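Read through the structure below, which is laid out as structure tokens, and then see the notes.
Just so it is clear: chains get the letters A, B, ... in the order the sequence lines come, proteins before strands, and each one is counted from 1.
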Amino acid sequence: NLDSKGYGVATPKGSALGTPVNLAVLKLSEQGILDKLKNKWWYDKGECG
Amino acid sequence: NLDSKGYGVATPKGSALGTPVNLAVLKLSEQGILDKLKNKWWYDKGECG
Amino acid sequence: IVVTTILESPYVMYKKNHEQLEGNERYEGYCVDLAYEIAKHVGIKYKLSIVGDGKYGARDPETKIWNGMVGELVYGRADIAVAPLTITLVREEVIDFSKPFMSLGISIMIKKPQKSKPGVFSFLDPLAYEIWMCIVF
Amino acid sequence: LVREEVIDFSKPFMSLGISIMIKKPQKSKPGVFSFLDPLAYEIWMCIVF
Amino acid sequence: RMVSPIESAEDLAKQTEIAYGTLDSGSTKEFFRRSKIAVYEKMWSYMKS
Amino acid sequence: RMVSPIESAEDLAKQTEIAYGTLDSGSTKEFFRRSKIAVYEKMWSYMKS
């Protein structure tokens, strides 16, 4: 990659769901769920093999 | 890579420097300063050719 | 809880029979699953929404009005946006972003290399040109 | 996740992951008389005999 | 001399030039639907799609 | 064995036979326009002209 960017889960400023959503994302990242979803939706359903 | 992680600038909870530091890091990222520093300290000073 | 999103494969997709389906059952994709998991972890009831104008979000230089998902979040029309919304300084100044659930960057796409039609003098290819020259010498 | 519960992290200023390091494969420099390699030394000697 | 025929479910899952399927509304279909193994999950995704 | 002619951005910059581009208006174009790195500066020079 020529640069580094990231996708986030946006929330309105000051909302109470900000911290819970951030921690949920971190949990899913550490549990390998995000990698599992990536593999499922990019390669398991890929038509090239 | 077998997983995806990131390095971040830490701060005490509730500190006044949190948002300024976050915005500063984002601005550096968008200006290419972080990539410039990494290239400087990894490859410009690289003993290998 | 309203979960604004943008229809963009594989993040959000319409099921083969979405006409007969209603509610969250209509959609599928990476971000549908991500929203499901996030709701499970946070323990909330959520409804998926597709932003009307189908834009990630930007500030109008004239009216200074945010559009897209960022506009929905800014003006209280949505509670959360589970979508491939890049973390940027301008957006981060008006909303809160979680840590990157996906890391990406600029990359190069090229057509897959394919066997090329043999050259006219490809019969000389087994040996290097220097070998042929030295053979003549 | 454990750290994020006690301190505030800015956005990642550098992404990384788990990767594999291996000794770089030594470049192959053919010997001057490597054209004899297909047959064993004893074969050449017995051919001369 | 290097040709190797299909010899497992992994070979079927990896390739794409040979289609595969199973009796509709049977025990095998349920097995593939409920499976949590990576190769069987991939096979289920392929057959469903 | 099939070898791709390109394996990095430096290879794109050096060569001239293979053209390259981006969207007419997007984040990639702005990144290249604002890039102060030599390689990406040269790539932007090529693309704009």
Can you tell if the side chain of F13(D) reaches within under 4.5 Å of the side chain of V9(B), non-hydrogen atoms only?
yes
To the nearest 0.5 Å, what is the distance between CG (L37(B)) and CE (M14(D))?
9.5 Å
Any chance you could measure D3(B), atom CG, to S19(D), atom OG, to the nearest 0.5 Å?
9.5 Å
Closest heavy-atom pair and its distance - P12(D), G6(B):
CB-CA, 4.1 Å
Quick check for you: among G8(B), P12(B), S4(B), which has the greatest number of heavy-atom pairs under 4.5 Å with chain D?
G8(B)
Per-residue contact mode, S29(B) against chain D (heavy atom under 4.5 angstrom)
neither
Rounded to the nearest 0.5 Å, how far apart are CZ of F9(D) and CG of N22(B)?
12.5 Å
Report yes or no: does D8(D) contribute a side-chain atom to a donor-acceptor pair with the main-chain N or O of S15(B) at less than 3.5 Å?
no
Got more than 12 heavy atoms from elsewhere within 6.0 Å of NZ, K38(B)?
yes
Student check: side-chain heavy atoms of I18(D) and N1(B) closer than 4.5 Å:
no
Contact between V6(D) and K13(B) at the side-chain level, heavy atoms closer than 4.5 Å - yes or no?
no
